[PDB]
Amino acid sequence: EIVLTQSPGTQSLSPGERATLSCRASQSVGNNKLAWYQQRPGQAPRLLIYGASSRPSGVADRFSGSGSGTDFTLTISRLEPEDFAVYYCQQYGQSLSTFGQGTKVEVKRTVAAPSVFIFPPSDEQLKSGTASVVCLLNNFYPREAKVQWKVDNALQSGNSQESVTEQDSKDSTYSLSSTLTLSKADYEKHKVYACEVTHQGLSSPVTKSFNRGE
Amino acid sequence: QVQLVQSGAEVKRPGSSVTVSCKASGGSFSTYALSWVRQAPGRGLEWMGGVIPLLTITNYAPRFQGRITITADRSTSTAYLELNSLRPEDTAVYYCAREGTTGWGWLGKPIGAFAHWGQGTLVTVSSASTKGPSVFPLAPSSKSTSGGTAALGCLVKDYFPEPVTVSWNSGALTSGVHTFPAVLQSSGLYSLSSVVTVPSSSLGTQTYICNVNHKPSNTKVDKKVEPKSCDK
Amino acid sequence: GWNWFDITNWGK
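Residues numbered from 1 in each chain as written, not as in the entry; some residues may be left out. Chains lettered and ligands numbered in written order. Heavy atoms only, no water.

For this entry, the PDB record names X-ray crystallography as the structure determination method and reports a resolution of 2.2 Å.

The name given to chain B in the PDB entry is Fab 4E10, with the source organism recorded as Homo sapiens. Anyone opening this PDB entry will find it titled "Crystal structure of HIV-1 neutralizing human Fab 4E10 in complex with a 13-residue peptide containing the 4E10 epitope on gp41".

Chain A is annotated in the PDB entry as Fab 4E10 from Homo sapiens.

Set out below in structure tokens:
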């Protein structure tokens, strides 16, 4: 099996900048049958380059492919707003076709610390017997962020989940939401509920909390 | 013009087999290679295999050899992907994709690479039963009242299957809105949150209502979110 | 090497 390596997996670049994406094969790609695809969130992949350097009619000429053997490159002359997406290379130089793991090209922008908010469970949910505590990290950059749940200062594990939005099309930030869930009974055995946040844009952890029943 | 149309999303129990169809129109169904590619949530693309209808020539990826069958019905220009012994890890969007061609029209020389893609088909492998979500408020913090930015939202929890849509004030409010990807809880039910930040001063000159729609359970809630008032 | 991906080219 031919392994296609796409490194780095993420490139943070400025609008209008040039972009070069590398795709290296574990072994020679038959007849240079290497292809590149673009995929935006929620959409199906789209062919950009085939045969290592051929560009189908319709694809912007700012995209070009080069290389042969085991070293291929996808070049984007200048990044338009719609070019920030994920790029996959694929080899079909033999019956067993394979894709690389993809490279995400995102918008680089000034560091932005997250605005943190904590929400206690609604009385409506409490009546149902469960308690969900939510923590929101709003409009931060870069994407790397970490959330720790502490109840009465005890680190929580296995009772929370989170998800992150796609990069905002207007301000290029990310937002993250984390939910801590406990049964009503367990929720009422503790007092201080806190969400501790760490991010490149914070010189020290930011903690937001509330006290049950206050 | 080549258009590939796939069958709708489907929930499948573990151990069962799923069948996904892809109906083609335009170009030539019989003489171009048709492949299937899947993508698990948050993961990359993976070629599963393909078929050349004219001579029923199949080609499967080793990883799926023994669990997959790809067939093509030339009388309807429909290709089929069958995947057996389903496991939760098979939960993914499955796409059919036909080889592209060179030159004008859609009957030129085949290029091998995938130029035509279907809209994809989300296959969810789970033992969960359809269920409507409860919609709870994420009330604006009272400790922000005067001046500044306030955050509020809605918690849409315990629903199955995907998807759920959320809008604010019937679509009139979009600025500052963040509707997060759902998470799959240990119970096998989904949960998502939608939030919005607004000027704290607007908490008295504007109402906030999240409009939640979960078609499978016919759950359609318009939840008003306001400051919670408490005594003492 | 018999590339399944080259078959439709041969037939065309």
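After that view, the rundown keeps rolling.
**Student:** What is the right way to read the interface of chain A and chain B from this model?
**Tutor:** Accessible area lost on assembly of the parts is the figure often given for the size of an interface. Every contact between the two is made by 38 residues of chain A and, on the other side, 42 residues of chain B. Looking only at chain A, the three residues that lose the most surface to chain B are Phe99(A), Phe119(A) and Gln161(A), adding up to 17% of its buried area. The salt bridge involving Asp123(A) is made with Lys228(B); its shortest N-O contact spans 3.1 Å. Across the contact surface, chain A and chain B share nine residue pairs in polar contact. Contributions of two or more residues to the side of chain A that touches chain B are made by β4 (34-39), β8 (86-91), β11 (115-119), α1 (123-127), β12 (130-140), β15 (160-164) and β16 (174-183) of chain A. (Contact = heavy atoms within 4.5 Å. Buried area = accessible area lost by both parts, 1.4 Å probe. Salt bridge = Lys/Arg side-chain N within 4 Å of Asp/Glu carboxyl O. Polar contact = N/O pair within 3.5 Å; in protein donor to acceptor, adjacent residues only side chain to side chain. Helix = DSSP H or I, 4+ residues; strand = E, 2+ residues; numbered from the N terminus.)

**Student:** How do you make sense of the pairing of strand β8 (residues 78-83) of chain B when you look at a structure like this?
**Tutor:** Moving residue by residue along a regular strand, the side chains alternate between the two faces of the sheet. All names here are of chain B. The pairing of strand β3 (residues 18-25) with β8 spans six bridges and is antiparallel. Its bridge partner lying in β8, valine 20 is registered against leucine 81. By the bridge criterion, six bridges tie strand β7 (residues 68-73) to β8 in an arrangement that is antiparallel. Of the residues in β8, the one forming a bridge with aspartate 73 is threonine 78. (Pairing = 2+ DSSP bridges.)

**Student:** Hey, could you run me through the side chain of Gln38(A) in this one?
**Tutor:** Residue and element names in this part refer to chain A. Relative to the assigned elements, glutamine 38 resides in strand β4. Here the side chain of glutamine 38 touches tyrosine 87 through a polar contact of 2.7 Å, side chain to side chain. Apart from the residues lying within four places of it in its own chain, the contact partners of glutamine 38 are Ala44, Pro45, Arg46, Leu48, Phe63, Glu82, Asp83, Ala85, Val86 and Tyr87.

**Student:** It is not clear to me how the layout of surface pockets should be interpreted in this structure. Could you clarify?
**Tutor:** One way to see where empty space is left: roll a probe the size of a water molecule over the atoms. In this structure, the second largest pocket occupies an estimated 1100 Å³ of space. In terms of lining, the second largest pocket is formed by 38 residues, of which the most central are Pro120(A), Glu214(A), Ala139(B), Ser142(B) and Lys228(B). (1 Å grid on protein atoms, 1.4 Å probe; cavity = no way out; pocket = protein on both sides within 12 Å on 5 of 7 lines; lining within 4 Å. Points joined across faces, edges and corners; volume = space filled by probe spheres on them.)

**Student:** Any chance you could explain the pattern of salt bridges here in plain terms?
**Tutor:** Counted according to the given criterion, the structure contains 16 salt bridges over all chains. Between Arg24(A) and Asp71(A) there is a salt bridge, with the nearest N and O atoms lying 3.2 Å from each other. Here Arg24(A) is found in strand β3 (residues 19-25), whereas its partner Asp71(A) is found in strand β7 (residues 71-76), with 47 residues between them in sequence. For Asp71(A), a relative accessible area of 34% corresponds to the partly exposed category. Through salt bridges with shared partners, a single ionic network connects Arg38(B), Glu46(B), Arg63(B), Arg67(B) and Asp90(B). (Buried < 20%, exposed > 50% of the residue type's maximum accessible area, 1.4 Å probe, protein only.)

**Student:** Explain the domain arrangement of chain B here, please?
**Tutor:** Residue and element names in this part refer to chain B. In terms of domain boundaries, chain B breaks down into domain 1 (1-123) and domain 2 (124-232). Domain 1 and domain 2 are separated by 37 Å when their C-alpha centres are compared. Opposite the twelve residues of domain 1 that make contact, domain 2 presents eight residues. For the domain 1 and domain 2 pair, buried surface summed over both sides reaches about 750 Å², with 55% attributable to carbon and sulfur atoms. Linking domain 1 with domain 2 are zero salt bridges, by the criterion used here. Summed over the shared surface of domain 1 and domain 2, the result is six residue pairs in polar contact. Of all the secondary structure elements, the ones that give two or more residues to the side of domain 1 that touches domain 2 are β2 (10-12) and β11 (121-125). Here the element with the most residues in the side of domain 1 that touches domain 2 is β2; it accounts for three residues. Considered class by class, the residues forming the side of domain 1 that touches domain 2 number six nonpolar, one polar and five charged. (Domains from an automatic or database assignment. Nonpolar A, V, L, I, M, F, W, Y, C, P; charged D, E, K, R; others polar.)

**Student:** How should I be thinking about the sheet that holds β8(B) in this particular structure?
**Tutor:** One key point about sheets: their strands pair by backbone hydrogen bonds, in either a parallel or an antiparallel sense. Residue and element names in this part refer to chain B. The strand order β1-β3-β8-β7 describes an open sheet built from four strands, whose pairing is antiparallel. Either end of the sheet is taken by a strand with one partner, and the two such strands are β1 (3-6) and β7. The mean inter-strand angle of the sheet, taken between neighbouring strand axes irrespective of direction, is 20 degrees. (Axes fitted to C-alpha atoms, helices over the stretch in contact; angles between N-to-C directions.)

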